[PDB]
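Notes to accompany the following structure.
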Amino acid sequence: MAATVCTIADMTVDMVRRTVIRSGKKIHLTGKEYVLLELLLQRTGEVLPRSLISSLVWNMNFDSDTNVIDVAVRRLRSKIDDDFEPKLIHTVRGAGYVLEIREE
């Protein structure tokens with residue numbers, strides 16, 4: 001009926017609560033990591049830019065903040081998702097960054 005929650009291979013994303021429940025266990029992160037996932041999950045299903053995300057934490061700019069965004073997602077992913085969930089990180093050459101499972 002309504003659409004306020006997206007399920008994955010083995011997790012539960014909340015577009016209204018902005019959270020992720022893995023096998024019934026909510027993942028914990030920091031402010032920066034929370035921002036990266038906040039937008040990623042919020043815009044789950046579609047590729048979004050990086051300049052915007054960086055603005056939600058550090059700031060916006062025509063250049064790249066030492067690729068802190070990409071590194072923030074990869075560093076946080078290998079922090080727990082390294083074994084928790086599979087490689088759900090996917091990027092489209094000529095778009096930005098998006099989250100999704102390959103099983104789909």
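Counting from 1, position 7 in the sequence shown corresponds to residue 7 in the entry's author numbering; the numbering is continuous, with no gaps. Using N, Cα and C, we set each Cβ at its ideal position, and we do this for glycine too.
Separation of residue j from residue i, as counted between CA atoms
i: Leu99; j: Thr30; result: 18 Å
i: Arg75; j: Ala2; result: 34 Å
i: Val71; j: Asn61; result: 17 Å
i: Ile80; j: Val35; result: 17 Å
i: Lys26; j: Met11; result: 9 Å
i: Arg93; j: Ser51; result: 16 Å
Bridge partners - residue i, DSSP secondary structure assignment
i: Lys26; result: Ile21
i: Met60; result: Its beta-bridge partners do not exist; DSSP assigns none.
i: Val35; result: None; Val35 has no bridge partner.
i: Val98; result: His90
i: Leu52; result: The partner list for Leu52 (beta bridge, DSSP) is empty, contrary to what the question assumes.
Residue i - containing beta strand (DSSP E), residue span
i: residue 176; result: With the chain running from 1 to 104 in the structure shown, residue 176 is simply not present.
i: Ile8; result: 6-8
i: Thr12; result: 11-13
Would the stretch 68-85 count as touching the stretch 14-27 if we require 3 or more Cβ pairs under 8 Å? yes
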